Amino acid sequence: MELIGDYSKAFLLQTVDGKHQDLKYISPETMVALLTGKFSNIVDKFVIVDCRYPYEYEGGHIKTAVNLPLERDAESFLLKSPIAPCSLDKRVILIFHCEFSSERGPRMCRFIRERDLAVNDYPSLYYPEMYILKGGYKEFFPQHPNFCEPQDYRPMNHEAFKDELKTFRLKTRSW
């Protein structure tokens, strides 16, 4: 298979098929392998980027995940001061996901690569290796609830949060 974004090495994780044919998807089991340290000797740091709206995140998310639904906040958190590994031997990996990991997640993943390319001299990148969690939180929760907190799932279209949805969207750069 191809090398990661900066052509330095091969992708570390096993992938599964996903809608966006050019993106790399991983399963909930692989996500757990990362969380349980199965790759601790190679992966120095990995960040789980939850791109769902705040109320969805507050209703239940993956342990250690960071809520970065707005592009400007994701850019600030990831690129203002790039997350670097302990050594040049270990990797830094990003995992993006949303509710179904169908639209918001893939979009943010593409946005970050766009910005990474912009601030680098080809072919270097701060985040050469990025994946999308197949199925999003919706499929992850029913499989590994004890790796979530709180142990619940609040859908974007939850009936009691229609106002929260509108309030948040009016904060986005484009719709």
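Residue positions are given as counts along the sequence shown, with the first one as 1.
Mean temperature factor over C-alpha atoms, higher-scoring stretch between 122 to 130 and 103 to 111: The entry gives the higher C-alpha B-factor average to 103 to 111.
Greater mean Cα temperature factor according to the PDB record, 45 to 53 or 112 to 120: Averaging CA B-factors over each stretch, the winner is 112 to 120.
Per the PDB entry, maximal CA B factor within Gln143, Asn67, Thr30, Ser40: Out of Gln143, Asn67, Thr30, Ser40, the record gives the largest C-alpha B-factor to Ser40.
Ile83, C-alpha B-factor rank within chain (lowest, middle or highest third): Highest third, going by the recorded CA B-factors of the chain.
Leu3 - which third its CA temperature factor falls in, relative to the rest of the chain: According to the entry, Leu3 has a C-alpha B-factor in the chain's middle third.
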